[PDB]
Amino acid sequence: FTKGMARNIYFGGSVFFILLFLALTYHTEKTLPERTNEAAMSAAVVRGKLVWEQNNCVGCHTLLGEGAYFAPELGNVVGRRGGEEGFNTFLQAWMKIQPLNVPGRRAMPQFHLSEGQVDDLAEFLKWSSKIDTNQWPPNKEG
Amino acid sequence: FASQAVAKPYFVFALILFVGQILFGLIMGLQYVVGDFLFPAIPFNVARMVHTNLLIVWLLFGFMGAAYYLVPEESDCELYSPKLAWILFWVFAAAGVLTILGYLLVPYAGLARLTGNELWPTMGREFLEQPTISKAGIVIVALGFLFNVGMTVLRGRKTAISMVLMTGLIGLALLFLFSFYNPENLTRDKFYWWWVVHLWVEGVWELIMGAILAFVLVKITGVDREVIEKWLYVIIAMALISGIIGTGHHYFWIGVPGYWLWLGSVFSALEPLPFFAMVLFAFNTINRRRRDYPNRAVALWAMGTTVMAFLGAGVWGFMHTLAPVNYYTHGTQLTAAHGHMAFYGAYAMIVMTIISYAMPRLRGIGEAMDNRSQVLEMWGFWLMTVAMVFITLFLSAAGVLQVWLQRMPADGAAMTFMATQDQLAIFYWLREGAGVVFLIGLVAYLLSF
Ligand code: HEC
Ligand code: HEM
Ligand code: HEM
Ligand SMILES: CCCCCCCCCCS[C@@H]1O[C@H](CO)[C@@H](O[C@H]2O[C@H](CO)[C@@H](O)[C@H](O)[C@H]2O)[C@H](O)[C@H]1O
Ligand SMILES: [Ca+2]
Ligand SMILES: [Fe+3]
Ligand SMILES: [O]
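Residues numbered from 1 in each chain as written, not as in the entry; some residues may be left out. Chains lettered and ligands numbered in written order. Heavy atoms only, no water.

In the PDB archive, X-ray crystallography is given as the structure determination method for this entry, at a resolution of 3.2000 Å.

Given below as structure tokens:
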């Protein structure tokens, strides 16, 4: 069991699994349009992503459980606050009342967002909840 | 060799930045429980990106330093250009401090305007909060770096250590390009985010880490280079076997196929192996020494690094890598418990290990410090190492209770996010204590120079 043998397991066995991975992604990236519902991915859903990106919501929150653990999960906040019909109006009020300023409670900043910005946000968050996320989370609370 | 003293600044600035990291840790740690602490001046999300971007930045400075140190010795020739090594340092260090101050002095949406993210949107993703310009800067540096130490291996000996280390570093910089690809499709975005984070920390960085450990074990134990380099190749092979498909453990609940649940859970079960090898690798070679080494701390660091990495990455990694478990823990204080030990045990400790080796012989003190500095390093070691096992325990507690209250019950019995967080408060205070002890232990470690 020489140093030439061990060095080849690393060389060959990794080239194998890179391909297998890259082959595995190629397939996966074909199923995406259907699992994510790319039809429903309007320029609103997309502009909403950028608002999300631009104010670093992920630095307090999680989205499909990825992010920061300071504030609630938001991939499923729709079904918790007014559902698909009443969610936007909610986020509208919710974004402009921050910070609540109840002492010693975790704060959210005021982001000075336009109603068009907050609406795309809502559209982005709604589209996100309707992604085939293999039945995650367990429940409504995130 | 004499050009190895360009690794000295890299090592110091790494430790400087390492102190910045722990402070902002401590702030956030407190914001958990005193919600409006430093609000609205420094919101939690700003402290967090400073905390984590200091970690990622001080680990690179730490990895580069190690290469600037150990690649001359391995190549049996002087560094290709010590001019470059210093020019890059200052660029990188300027680039780092500016980017950090950007987070701190301007509102993030403003910083996105200022640096003009609209043209090339890459901001606002976890660990990749830096402006595009800053990423570009990091790549330039990482290219200058690669080239400089890349040439040194060509014009000199080609030991396995030096080769693998170059692979890991090349691979580090390549994968970091995916920080520029920022899909409009959220699930597409997440898929390719894990090519940066996971293939770094569970693939390509394990080569960096392994290589340094092996380089350190050659010098302090005096064991045959030929069995060390053999063992090295085993550990690496096991890393890329388990880890490349093992990526799938991040692909459960983000909107990609369910077949990843099997693939990710099967291959991830294997990812603690490399780490288990690492401890056997340390313990044997350090146990069959042709040498009692004048710096007793290095041996402690090398053995500890391998254990802590096994506990954090391996054990804590396994505990929640199985889709059935991961489902209830995904994005919980448990995830934070693991990340902390796994990052610290693997990469913080390995940077400190090689510093503990090379620093005296970068100041020309000797192979070791005197007995003062040595019993301090080792005090620091233990305070920090033991501080962090508590940090992970306390947070593991939170995470388990949190799964209990919020995650497992069905709609209605499931307690609210912000309501369960109130139950967890004690653990979070205990964690702040552990965090303080840690800062003490870092200061102990730091006084040993
Ligand atoms: C884009 C920049 C952001 C969006 C969109 C949202 N946030 Fe936050 N957030 C934070 C805290 C501490 C709370 C809890 C508030 C309380 O209960 O006192 C929240 C809450 C929300 C909610 C309501 C979710 C629910 O189910 O109750 C939504 C819809 C929401 N946030 C959206 C904190 C922070 C924070 C800390 C510095 C940041 C940067 C953001 N939030 C950003 C966004
Ligand atoms: C010592 C005191 C420390 C404190 C008080 C602290 C606190 C924190 C906090 C509050 C977060 C954010 C939690 C959230 O997202 O909601 C965090 C994140 C993180 N910290 Fe620390 N930290 C400390 C030290 C460390 C150390 C020593 C490391 C060394 C490796 C480290 C690595 C990380 C990493 C990787 C994250 C991102 C974790 C994730 O997303 O899962 N931290 N820390
Ligand atoms: C030194 C090596 C490792 C480091 C630094 C590390 C670090 C991290 C970090 C920081 C996260 C959370 C990031 C985020 O969501 O922002 C994470 C997630 C995770 N890690 Fe690792 N890890 C390592 C090795 C491993 C090992 C080897 C395994 C499997 C045995 C493991 C299993 C997991 C799992 C299952 C998650 C997902 C938690 C979630 O669902 O969000 N990790 N890791
Ligand atoms: C070594 C083990 C490797 C196993 C790899 C394959 C794992 C696939 C198993 C399914 S993953 C996940 O499991 C969940 C059950 O915990 C399943 O949840 C089920 O029950 C939940 C309540 O308990 C409920 O919220 C869901 O709507 C219900 O579908 C979930 O669907 C499934 O994706
Ligand atoms: Ca996270
Ligand atoms: Fe991983
Ligand atoms: O991971």
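As for the site of ligand 1
In the vicinity of ligand 1 lie 24 residues, with A:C57, A:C60, A:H61, A:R80 and A:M108 positioned nearest. Two or more chains meet at ligand 1, and those chains are chains A and B. With respect to ligand 1, the side chain of A:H61 contributes an N or O atom lying 2.8 Å from a nitrogen atom. Take A:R81: an N or O atom from its side chain is 2.4 Å from an oxygen atom of ligand 1. Within the residue set of the shell around ligand 1, elements represented by two or more residues are α3 (83-97) of chain A together with α2 (44-75) of chain B. Examining the composition of the shell around ligand 1, we find that 3 residues originate from one element, α3(A), more than from any other. Residues that form the shell around ligand 1 fall into these classes: 17 nonpolar, 3 polar and 4 charged. (Near = heavy atom within 4 Å. Polar contact = N/O pair within 3.5 Å; in protein donor to acceptor, adjacent residues only side chain to side chain. Helix = DSSP H or I, 4+ residues; strand = E, 2+ residues; numbered from the N terminus. Nonpolar A, V, L, I, M, F, W, Y, C, P; charged D, E, K, R; others polar.)

With respect to the site of ligand 2
As a matter of local geometry, ligand 2 sits amid 27 residues, with A:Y69, B:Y32, B:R48, B:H51 and B:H340 nearest to it. Chains contributing residues to the immediate surroundings of ligand 2 are chains A and B. Here an oxygen atom of ligand 2 sits 3.1 Å away from a polar atom, N or O, in the main chain of A:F70. Per-element accounting of the shell around ligand 2 gives the leading share, 6 residues, to helix α1 (residues 7-31) of chain B.

Considering the UniProt feature "binding site: heme b 1; low-spin" in chain B
Residues and elements named next belong to chain B. With numbering aligned to this structure, UniProt lists the feature "binding site: heme b 1; low-spin" at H51 and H340. A maximum C-alpha distance of 11.9 Å among these annotated residues, which run over 290 residues, shows that they cluster at one spot. Since its relative accessible area comes to 11%, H51 is described here as buried. Among the polar contacts listed, one links the side chain of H51 to the backbone oxygen of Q21, at a separation of 2.7 Å. By secondary structure assignment, the location of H340 is in helix α13 (residues 333-358). Relative accessible area serves as the criterion here: at 31%, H340 is assigned to the partly exposed category. (UniProt positions renumbered as here; feature names shortened; annotations may be inferred. Buried < 20%, exposed > 50% of the residue type's maximum accessible area, 1.4 Å probe, protein only.)

Considering the coordination of the iron atom of ligand 2
Residue and element names in this part refer to chain B. Those donors, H51 (NE2) and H340 (NE2), are the protein atoms that reach the iron atom of ligand 2, and they lie 2.1 Å from it. For the iron atom of ligand 2, the 6 donor atoms are set out with angles of 84 to 179° between them, so the coordination reads as octahedral. Within this pair, whereas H51 is found in helix α2, its partner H340 is found in helix α13, the two being separated by 289 residues in sequence. (Donors = N, O, S within 2.8 Å, 3.2 Å for Na, K, Ca; no water. Tetrahedral: all angles 85-135°; square planar, octahedral: opposite > 155°, others 65-115°.)

What to know about the interface of chain B and chain A
In this complex, chain B contributes 82 residues to the contact, which on the side of chain A involves 67 residues. Between chain B and chain A, a total of about 6500 Å² is buried, with carbon and sulfur atoms accounting for 62% of that surface. Summed over the three residues of chain B that lose the most area to chain A, namely B:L186, B:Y233 and B:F417, the buried surface amounts to 10% of that side. A salt bridge links B:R188 to A:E29, with the nearest nitrogen and oxygen atoms 2.6 Å apart. In this structure, the connection of chain B to chain A is made through 33 residue pairs in polar contact. For the side of chain B that touches chain A, the leading source of residues is helix α8 (residues 225-246) of chain B, giving 11 residues. (Contact = heavy atoms within 4.5 Å. Buried area = accessible area lost by both parts, 1.4 Å probe. Salt bridge = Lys/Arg side-chain N within 4 Å of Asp/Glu carboxyl O.)

Regarding the coordination of the iron atom of ligand 1
Residue and element names in this part refer to chain A. Donor atoms from the polypeptide that coordinate the iron atom of ligand 1 comprise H61 (NE2) and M108 (SD), at 2.0 to 2.3 Å from the metal. With 6 donor atoms in place around the iron atom of ligand 1 and angles of 85 to 179° between them, the coordination shape is octahedral. One end of the pair, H61, is in the loop between α2 (43-54) and β1 (62-63); the other, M108, is in the loop between α3 and α4 (115-129), and 47 residues separate them in sequence. Taking the relative accessible area as the measure of exposure, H61 reaches 11% and is therefore buried.

Considering the UniProt feature "binding site: heme c" in chain A
All names here are of chain A. UniProt records the feature "binding site: heme c" at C57, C60 and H61, using the numbering of this structure. Mapped onto the secondary structure, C57 falls in the loop between α2 and β1. Of the residues examined, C57 reaches a relative accessible area of 14% and is grouped as buried. Setting aside its immediate chain neighbours within four residues, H61 contacts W52, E66, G67, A68, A71, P72, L74 and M108.

Quick look at the UniProt feature "binding site: Fe cation" in chain B
All names here are of chain B. Those places that UniProt annotates as "binding site: Fe cation" correspond, in this numbering, to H198, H249 and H250. In sequence the annotated residues extend across 53 residues, while in space they remain close, none of their C-alpha pairs exceeding 9.8 Å. In this structure, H198 sits in helix α7 (residues 186-221). For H198, the contacting residues outside a window of four places in its chain are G203, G243, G246, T247, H249, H250 and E271. A polar atom in the side chain of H198 sits 2.7 Å from the side chain of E202. With residues near it in sequence (within four places) discarded, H249 still touches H198, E202, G264, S268, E271 and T321.

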